[PDB]
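Q: Experimental coordinates for this protein are included below, preceded by the sequence.
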Amino acid sequence: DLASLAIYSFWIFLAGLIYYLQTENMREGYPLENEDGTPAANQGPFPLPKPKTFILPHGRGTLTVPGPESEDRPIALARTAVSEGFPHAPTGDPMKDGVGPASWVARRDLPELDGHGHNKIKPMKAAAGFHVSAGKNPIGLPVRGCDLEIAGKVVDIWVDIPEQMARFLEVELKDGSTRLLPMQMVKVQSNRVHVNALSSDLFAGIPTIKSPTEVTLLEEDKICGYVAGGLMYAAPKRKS
Amino acid sequence: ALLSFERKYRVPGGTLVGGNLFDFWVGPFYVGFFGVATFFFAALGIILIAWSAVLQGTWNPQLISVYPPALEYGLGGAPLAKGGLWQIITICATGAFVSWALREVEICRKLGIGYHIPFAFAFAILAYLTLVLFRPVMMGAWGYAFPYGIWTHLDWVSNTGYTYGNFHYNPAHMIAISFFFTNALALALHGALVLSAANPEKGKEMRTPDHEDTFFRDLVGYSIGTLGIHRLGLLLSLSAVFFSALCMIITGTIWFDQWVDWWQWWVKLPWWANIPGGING
Amino acid sequence: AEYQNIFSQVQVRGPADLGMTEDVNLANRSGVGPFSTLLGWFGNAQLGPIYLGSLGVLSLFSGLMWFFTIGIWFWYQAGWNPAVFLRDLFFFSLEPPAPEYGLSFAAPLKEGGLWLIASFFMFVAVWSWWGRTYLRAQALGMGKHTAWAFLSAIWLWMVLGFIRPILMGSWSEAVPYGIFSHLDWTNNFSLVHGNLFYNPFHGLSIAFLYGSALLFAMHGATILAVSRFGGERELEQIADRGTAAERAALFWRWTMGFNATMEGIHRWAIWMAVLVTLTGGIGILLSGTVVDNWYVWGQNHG
Ligand code: BCL
Ligand code: BCL
Ligand code: BCL
Ligand SMILES: CC[C@H]1c2cc3[nH]c4c(c3C)C(=O)[C@H](C(=O)OC)c4c3nc(cc4[nH]c(cc(n2)[C@@H]1C)c(C(C)=O)c4C)[C@@H](C)[C@@H]3CCC(=O)OC/C=C(\C)CCC[C@H](C)CCC[C@H](C)CCCC(C)C
Ligand SMILES: CC[C@H]1c2cc3[nH]c4c(c3C)C(=O)[C@H](C(=O)OC)c4c3nc(cc4[nH]c(cc(n2)[C@@H]1C)c(C(C)=O)c4C)[C@@H](C)[C@@H]3CCC(=O)OC/C=C(\C)CCC[C@H](C)CCC[C@H](C)CCCC(C)C
Ligand SMILES: COC(C)(C)C/C=C/C(C)=C/C=C/C(C)=C/C=C/C(C)=C/C=C\C=C(C)\C=C\C=C(/C)CC/C=C(\C)CCC=C(C)C
Ligand SMILES: COC1=C(OC)C(=O)C(C/C=C(/C)CCC=C(C)C)=C(C)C1=O
Ligand SMILES: CCCCCCCCCCCC[N+](C)(C)[O-]
Ligand SMILES: CCCCCCCCCCCC[N+](C)(C)[O-]
Ligand SMILES: CCCCCCCCCCCC[N+](C)(C)[O-]
Ligand SMILES: CCCCCCCCCCCC[N+](C)(C)[O-]
Ligand SMILES: CCCCCCCCCCCC[N+](C)(C)[O-]
Ligand SMILES: [Fe+3]
């Protein structure tokens, strides 16, 4: 019976497809580790796939995966229990240390680049001739944190050139320096920009960028991780 | 037991109930209060199904079937062996699903991410509830709900549909179907596009998201963009289910005749109802 | 309440984006269409440019011909009366030749020949469109995943209108061009083969259709949830894993005990979707050629 054959064949094909898909999905984060960083004894029934290499544009190199994995940064956490499977308490200030929901990854300390090799993200002032085309222009608005205090004022928007979208608000603080706030973490209102994630005293602690007209993948990770971390860690000073 | 990058995220906090009491993992799985609730609901539910299987006198997975009360019980209880198990298993199911969603919320909070996922999942739960709860209640009996069995739930779909003629003519069903098909279309295209950029022709560099926009503009004159496509996939698949639930909650309540006759309202409009020729004159 | 990233709060625009050049013949690209503020609340504001070219023109002209062939036939059925046209729009139907003509091209225009002409134009419209999905990827130096995916949709289409009719020995088996009639054809197809619920390939096609919505709801929600870390910039997260891709993987590892990667989710995506119409086309192709009655087959598995 041909249909019997087809269905039986299909299920064999699907077992193979799922094996292929699961192993493809092990190109990052494996081998599994124990809480102390060493290889775990049980790696499960799926073995790592043969590595593959991505050629990165603009002379940025290649990436081969799976490859040796490491955090490449210190992790200020310690065990809270004598056996596996419990949480790890922050050893200092988890926002400053960048752990928990405040975590960042040691991504490349270069800016993401567009298909022409230009910086993907720029302050709008340096982006010819990008402008607000719809919605409330946030530039000039006071910025308020979850303590309902004013933290600073919006002085620009950083935009993704190739995708024509707003990515960050640049916010000037009381001392005259600025910080980037992710577009996804602000509520633009008629008279203010509101930030639920941070109280006003946490703005100064937002990670700074090194060059005032670009931002690197590493810097984006620190800023975003830090702002998101405020949901958990600023919660004492909020208040709605 | 941990992904190479995982430990920095396994901090305390984010739980909704119980403070630190259940704030831990078992292998990969987070627990939480709702992990315990899920296990309790699911376990009780699975035990009751096995008991239903005994009373039915079968262990075959293709035969086991747990039926809701016969229509005569209305919206009241039924002896265990005659609809009561169904009723308890349904409460367990519901408990399990809502517990799963709420565990997902605890996970979001620990990870500092948005709640989109448990929100999306709550659409699926709402659909299940439409069929086993909202619709049977509005119609006046549990027996209108589908039974829990692999082939018997399909008998229920077929029987329920053919109660109203060809169920294709349910207009809410037509919209739902359109969202399902379009969703699979968008899914294929999204998967294909990302992969085609990441895995370009032999020896070439990875394409960029600018190439992704370009390919789609070249192809059809438009590209929704990388944020937009993920907005879209979510909208399409939740819309599909919103309309699935709609299409059933209106069926047997506000509309209970043959769905194909619903369309007569349009043909019978005064200004053309009587002009001869075409199909309906 | 927190912002949810369903609709943008602020749109920005700059110079029309004319896209990447690579090996694309630029003479065949239009200029930019208008900018839709409406669209830009959800996705991109920009329309165009589009790529024209020879295959493009062929495909569009052919597709219009298919469309105009059916619509001409509909006007005829309407007796050329605009009010009857609109009244009866979903009832009209361009139907294939009767069984007696088998696979011949000998049927009269009004009784099947016109169905064949519309079908012919559809065939060249789709295939030349398929060719377009290959060629636009090629010109840009991209992989061929789009055209490989599209081919799975083509497969169910070809099975329905072309391959299954040929194997069954008549065009009468094919699908009619009409809103209501294509639905009646579908109900009928199932009734006449003993209920498609018993066709294991139909049931797989369902698992995959529902799986697509499950999966796109999962993935779309996951990306939006980590968009506050740039999660939707998926190609760069592939190249250089960020906290977005990690928080996303761990949401799922912690929920259900396994997870994907930034690249690999897109492979789960493409296969979950293409497997709908594959499985599907197989289940239909086997219907009537090898299996007359799925319920019966299911009683034997044979
Ligand atoms: C002969 C049968 C009739 C018919 C009768 C009906 C009937 C009756 C119904 C549909 C419904 C559906 N039909 Mg119909 N319909 C037919 C023809 C079709 C055709 C077609 C191509 O011909 C199509 C595409 C569809 C498509 C549609 C969908 C819009 C809809 C089903 C999806 C859904 O409800 O999801 C919603 C998703 C869920 C309900 C699942 C939720 C589950 C979640 C909460 C959890 C499960 C977890 C757990 C148990 C998993 C185990 C854990 C393990 C570890 C994995 N029908 C024919 C004409 N159709 C149904 C509908 O809209 O229902 C609302 C419906 O009731
Ligand atoms: C949605 C609208 C209709 C419906 C109409 C259809 C039709 C029509 C078909 C199915 C089919 C399926 N349906 Mg149904 N079915 C509905 C209600 C559901 C519900 C529920 C609401 O709780 C569940 C769990 C199922 C589950 C099932 C699977 C057995 C099968 C493949 C589904 C799938 O891949 O989904 C997509 C999701 C995934 C890919 C995730 C994987 C999860 C699946 C595999 C979970 C299976 C759980 C099952 C064995 C329950 C065991 C419970 C245990 C005690 C825990 N249906 C309602 C009543 N269903 C197909 C079949 O072949 O049936 C025989 C089929 O043709
Ligand atoms: C009474 C109805 C019967 C039944 C009869 C059928 C029949 C007949 C078929 C299906 C098929 C399917 N059924 Mg069923 N269906 C049943 C009940 C169900 C139920 C349910 C009860 O809940 C569900 C969910 C489904 C679900 C499904 C899908 C899984 C599947 C089609 C997938 C697809 O994406 O095709 C949609 C995608 C396509 C058609 C491919 C499109 C191809 C490309 C080339 C399009 C080109 C168009 C272009 C030219 C148009 C131009 C316009 C542009 C905008 C320019 N069926 C009942 C039992 N079902 C199909 C299948 O594969 O079955 C095995 C099928 O043939
Ligand atoms: C809303 C859009 C689509 C969608 C989205 C969606 N589903 C979701 C979620 C999302 C976003 C996830 O967060 C969640 C998930 O964790 O996925 C991996 C999930 C999920 N969707 C799932 C299944 C599923 N989703 C489905 C559909 C859909 N889900 C929609 C199409 C279907 C269909 C189409 O039939 C199924 C079968 C699970 C994989 C998962 C939720 C798992 C869960 O709740 O686990 C807790 C409960 C148990 C471990 C089992 C409980 C056992 C019961 C108490 C007894 C069984 C009773 C049951 C009623 C009997 C059914 C018998 C059948 C033969 C009918
Ligand atoms: C894998 C399974 C899913 C799938 C996959 C899929 N479909 C796809 C793709 C893939 C990956 C292709 O890349 C291809 C595509 O280009 O998508 C954008 C396609 C496609 N699937 C399409 C539709 C479609 N897919 C189907 C669904 C599915 N597709 C499955 C669910 C269905 C259903 C569910 O019935 C539909 C109807 C098209 C959008 C596209 C194929 C386009 C095509 O073949 O064109 C041929 C004909 C024309 C070019 C013109 C036709 C005539 C029009 C009626 C005229 C009106 C508009 C006209 C363009 C105006 C121009 C006027 C000018 C003169 C000014
Ligand atoms: C207002 O008036 C205007 C001018 C605007 C005209 C209006 C147009 C209208 C109202 C037309 C509407 C068209 C409709 C309703 C189309 C609907 C079609 C549907 C629902 C299609 C559904 C299924 C179609 C399938 C499965 C078709 C399969 C086709 C093939 C696989 C092609 C097979 C080719 C054949 C048989 C020819 C083979 C020839 C060779 C070369 C050997
Ligand atoms: C590969 O990802 C995808 C995009 O590519 C970047 C798209 O753009 C679209 C097209 C979506 C829409 C809203 C078309 C209708 C809008 C107009 C022009 C009126 C789909 C489906 C898609 O899957
Ligand atoms: C079609 C759905 C199938 C999904 C289940 C297959 C994957 C199971 C879990 C993979 C193992 C995770 N692990 C051990 C490698 O970490
Ligand atoms: C499926 C999406 C369909 C998109 C519609 C096509 C819009 C592109 C039109 C571009 C024409 C540019 N123009 C008018 C200046 O020549
Ligand atoms: C295919 C996408 C179509 C997009 C249409 C949706 C428009 C909704 C706009 C809502 C914006 C609300 N507002 C004023 C706060 O920006
Ligand atoms: C991308 C792979 C995901 C695989 C999902 C598999 C779902 C299994 C559903 C069983 C279908 C039953 N049957 C008899 C119709 O074949
Ligand atoms: C269809 C149900 C299958 C569920 C697939 C999920 C399996 C995850 C199991 C996690 C165990 C990992 N391990 C082996 C390292 O302990
Ligand atoms: Fe994606």
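A: Ah, there it is. Residues are numbered from 1 along each chain as shown, chains lettered A, B, ... in the order given. Ligands and ions are numbered 1, 2, ... in the order given.
Q: drop to CA atoms for contacts and neighbour counts, all remaining ones
A: Will do.
Q: Tell me which residue in the stretch 151-281 of chain B sits closest to ligand 12.
A: Residue of the stretch 151-281 of chain B nearest ligand 12, by Cα to the nearest ligand atom: residue B:151 (18.5 Å).
Q: residue contacts, the closest residue to that residue other than its chain neighbours?
A: Sequence neighbours aside, residue B:62 is the residue nearest to residue B:151 in space, at 6.7 Å (criterion: Cα to Cα, 6 or more residues apart in numbering or on different chains). Counting by Cα atoms under 8 Å, 6 or more residues apart in numbering or on different chains, residue B:62 touches B:149-151.
Q: Same question for residue C:261.
A: By Cα under 8 Å, 6+ apart, the contact set of residue C:261 is A:25-28, C:238, C:245, C:249.
Q: So is the helix or strand containing residue C:246 next to chain A?
A: According to DSSP states H and E, residue C:246 maps onto helix C:243-256. Yes - residues of helix C:243-256 are located near chain A by Cα under 8 Å from any Cα of the partner chain, namely residue C:243.
Q: what's the lengthiest helix in chain A packed up against?
A: Counting by DSSP state H, the longest helix found in chain A is helix A:2-24. Counting contacts by 3 or more Cα pairs under 8 Å, 6 or more residues apart in numbering or on different chains; DSSP states H and E, helix A:2-24 packs against helix C:264-285.
Q: residues contacting the residue of the stretch 1-150 of chain B at minimum distance from ligand 6?
A: Residue of the stretch 1-150 of chain B nearest ligand 6, by Cα to the nearest ligand atom: residue B:127 (28.1 Å). When contacts are counted by Cα under 8 Å, 6+ apart, residue B:127 touches B:241-242, B:244-245.
Q: out of those, who's nearest residue C:1?
A: residue B:242 (23.5 Å; Cα to Cα).
Q: my guess is residue B:187 meets residue C:268, correct?
A: No - counting by Cα atoms under 8 Å, residue B:187 sits too far from residue C:268 to count as a contact (9.9 Å).
Q: Tell me which of those two has more neighbours.
A: Higher neighbour count among residue B:187 and residue C:268: residue B:187, with 32 against 22, using other Cα atoms under 10 Å in any protein chain shown.
Q: Give me the distance between that one and residue B:174.
A: 20 Å (Cα to Cα, to the nearest Å).
Q: And for residue A:75?
A: Taking Cα to Cα, one finds residue A:75 at 53 Å from residue B:174.
Q: what's the burial count for the residue in the stretch 1-150 of chain B that ligand 10 sits nearest to?
A: Across the stretch 1-150 of chain B, no residue is closer to ligand 10 than residue B:116, which sits at 18.2 Å (Cα to the nearest ligand atom). Using other Cα under 10 Å, residue B:116 is surrounded by 24 other residues.
Q: backbone phi and psi for it, please?
A: Reported as degrees, to the nearest 10, the phi and psi values for residue B:116 are phi -50, psi -40.
Q: Same question for residue B:2.
A: Torsion angles, degrees, to the nearest 10, at residue B:2: phi -120, psi 140.
Q: just the strands in chain A please.
A: Counting by DSSP state E, chain A has strands at residues A:52-56, A:61-65, A:77-79, A:88-90, A:121-123, A:131-134, A:142-145, A:150-160, A:165-173, A:178-182, A:187-188, A:193-195.
Q: Can you list the neighbours in contact with the first one?
A: Looking back up the chat, that one is strand A:52-56. A:61-66, B:198-199, B:203-206, C:239.
Q: What residues does the closest residue to ligand 4 within the stretch 101-250 of chain C make contact with?
A: Nearest to ligand 4 in the stretch 101-250 of chain C, going by Cα to the nearest ligand atom, is residue C:214, at a distance of 3.7 Å. Counting by Cα under 8 Å, 6+ apart, residue C:214 touches residue B:237.
Q: Could you chop the chain up by domain?
A: This is for chain A. In the domain annotation for chain A, the residue ranges read A:2-106, A:107-239 (curated CATH domains).
Q: hmm, I had chain C in mind actually
A: Split by curated CATH domains, chain C gives C:1-143, C:144-302.
Q: so which of those domains gets nearest ligand 8?
A: Proximity to ligand 8, assessed across those by Cα to the nearest ligand atom, is greatest for domain C:144-302 (4.6 Å).
Q: Report the separation between the two terminal residues of that closest one.
A: One end of domain C:144-302 sits 38 Å from the other (Cα to Cα).
Q: and chain B, which residues reach ligand 8?
A: For chain B, no residue is in contact with ligand 8 (Cα under 6 Å from any ligand atom).
Q: Regarding residue C:12, what is its secondary structure?
A: Counting by DSSP: H, G, I helix; E, B strand; the rest coil, the backbone at residue C:12 sits in strand.
Q: I'd like the distance between it and residue B:224.
A: In this view, residue C:12 and residue B:224 are 15 Å apart by Cα to Cα.
Q: Same check on residue A:194?
A: Distance, residue A:194 to residue B:224, by Cα to Cα: 28 Å.
Q: just residue C:194 next, same as before
A: Taken as Cα to Cα, the span from residue C:194 to residue B:224 is 43 Å.
Q: same thing with residue C:162?
A: As judged by Cα to Cα, residue C:162 and residue B:224 stand 34 Å apart.
Q: try residue B:255
A: Residue B:255 is 38 Å from residue B:224, by Cα to Cα.
Q: again, but for residue C:200
A: Separation of residue C:200 from residue B:224 (Cα to Cα): 36 Å.
Q: Neighbour count for those two, which is higher?
A: Neighbour tally, residue C:200 and residue B:224, criterion other Cα under 10 Å: the higher count belongs to residue B:224, 22 against 18.
Q: hang on, the more buried one packs against residue C:43?
A: Yes - with contact defined as Cα under 8 Å, residue B:224 reaches residue C:43; the gap is 4.8 Å.
Q: re earlier: what angle separates the longest helix of chain A from helix C:264-285?
A: Between helix A:2-24 and helix C:264-285, the angle comes out at 180 degrees (axes from the mean of the first three to the mean of the last three Cα atoms, to 10 degrees).
Q: longest helix anywhere in chain C?
A: The longest helix of chain C (DSSP H) is helix C:113-140.
Q: Show me what it is packed against.
A: helix B:209-220, helix C:53-77, helix C:145-158.
Q: That's all I had, so thanks and see you.
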